[PDB]
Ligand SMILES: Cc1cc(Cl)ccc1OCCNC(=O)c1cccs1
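Listed next as structure tokens is one chain, alone, in the form solved without the ligand.
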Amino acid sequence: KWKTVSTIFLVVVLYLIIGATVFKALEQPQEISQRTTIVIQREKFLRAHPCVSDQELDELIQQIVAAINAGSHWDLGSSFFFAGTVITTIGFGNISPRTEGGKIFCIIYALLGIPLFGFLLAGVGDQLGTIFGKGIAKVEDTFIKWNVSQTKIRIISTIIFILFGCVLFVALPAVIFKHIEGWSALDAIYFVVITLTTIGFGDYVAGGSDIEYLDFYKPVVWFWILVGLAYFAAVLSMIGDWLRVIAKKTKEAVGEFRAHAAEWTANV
């Protein structure tokens, strides 16, 4: 009978409004400057080049906009990488089907692909989930039977998972992307988190930005994605579980606050 959805809905709508205000506060400033720095650039080109005028430039800019539709791509290895983004749902979009057929196939390819991949990822996670189990198996004896009791060890263990997991699937792959791909420390981490969360803006793509890389680099990447996605899968789930606790902790802390405020009121 009880809905319980509206409350979570509003928290989400609230979580969005807070986000919106923070993003425009952070991004719109640099927007304006770049939007001014772009105006300075057009006039510079027309002034520095009597060869070009208002008429020629408008025509040029319009064709480069048409180039935005496309930008060799769709090669033997790119389309394979494309299909990867589809079944995983990341969908960087940097390369997408421009053919009515490539779209219909993409539609069919996704409806069938996504469910398929889930089975693989489901097994990949299950497999690594037990691998982690073996690792923490010897960790639950050495310094567990010793001083600290069992109820509080469950925290030390979870910290080892995130700490260690963030190194293998976040730190190391970001460090490699930094050198090989030429990205910064934040951009690398930014890419990893955006990629392994299946968001995939497409602003940063390890396969893209090509003047430098080898066919050994790109396979290990998609495998990284395969394995890393399972990591955030549990990480995202745990973070989701932490919220469930805080949701009940706050729900009983609010019950505490009236129970004592009611007490307090009845004194006269």
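Numbers for residues come from their place in the sequence shown, where the first is 1. The term rigid core refers to the maximal set of C-alpha atoms that superpose within 1.5 Å between the two forms.
Separately, the form deposited with the ligand bound exists; it is not shown, and the next lines address it.
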Residue 97, heavy atom within 4.5 angstroms of the ligand in the deposited complex: no
Contact label in the deposited complex: residue 77 to the ligand, heavy atom within 4.5 Å: yes
Contact test in the deposited complex: residue 84 vs the ligand, heavy atoms, 4.5 Å: yes
Heavy atom of residue 208 within 4.5 Å of the ligand in the deposited complex: yes
The ligand in the deposited complex - contacting residues of 207-223, heavy atom within 4.5 Å: 207, 208, 218, 221, 222
Which of 236, 243, 214, 199 is displaced between this form and the one not shown by 2 angstroms or more at its C-alpha, rigid core aligned: 214
